[PDB]
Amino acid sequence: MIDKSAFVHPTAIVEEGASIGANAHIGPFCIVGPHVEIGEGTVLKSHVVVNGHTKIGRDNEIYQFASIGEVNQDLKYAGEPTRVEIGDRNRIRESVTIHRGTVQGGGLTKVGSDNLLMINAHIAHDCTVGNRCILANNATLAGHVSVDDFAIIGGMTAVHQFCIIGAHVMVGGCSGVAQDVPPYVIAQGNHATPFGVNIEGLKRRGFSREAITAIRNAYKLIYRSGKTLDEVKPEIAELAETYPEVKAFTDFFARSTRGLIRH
């Protein structure tokens, strides 16, 4: 159902069954498939393809030549009716691609809210992007990658399948990420290695002096103490008893499957 207050350009092709919310705008030469839902106030500028079983939230801005919901590039995919979910107030720039999930990977590619996906960023099948993230130009996620809240990935950088980019991470440009990046960490290189705590990001986001200190101490446990990760996990959990921000490490360790990036 197309809301009576939505605008659908006469050259756009919105297939019967698509749901277009109030005050949405479907610009010229857009294609919107029959299983697409576009939330209130979302704008497709022009020349946008949205198809598949794809739900898009409110107040998104999707720029020309983006492809949202499309068949993924996993050779295992065979046409099953998988899904994309995109939240609210995202800015999805020219030529961005966001691909539907695979049955094998759980069936869902998900993007949260308030993200900035720059030109030609790629969100592969079964990726999970959180809130307030930035993918710079040509930042490329293989399948099943997690980009956690507030994480930022610099231009030309690619991430190997299943890797986790932890919350508040900053990955430099021109980098290649092959393992998991703990929350709060700066990473750079080919392959990417850790370069300390993203102190400036935490400062700007209202983390206290005490919390940043505890996070730096947890970083030192992981990377400077010389202990094994198995040894430091209970020490990090102990630290989190006083500084709850440190629990992000514990939660991340439980999800990590590829080991941590290391010097």
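So that there is no doubt, residue numbering starts at 1 and follows the sequence shown.
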property: Average Cα temperature factor in the PDB entry - higher stretch of 191 to 199, 231 to 239; result: 231 to 239
property: Which of 101 to 109 and 115 to 123 has higher mean CA B factor, as the PDB entry lists it; result: 101 to 109
property: Ranked against its chain, the third holding the CA B-factor of residue 51; result: lowest
property: Residue 218 by Cα B-factor - lowest, middle or highest third of the modelled chain; result: highest
property: Residue 206 CA temperature factor, ranked by third within the chain; result: highest
property: Ranked C-alpha temperature factor of residue 57 among modelled chain residues, by third; result: middle
property: Among modelled residues of the same chain, the CA temperature factor third for residue 143; result: lowest
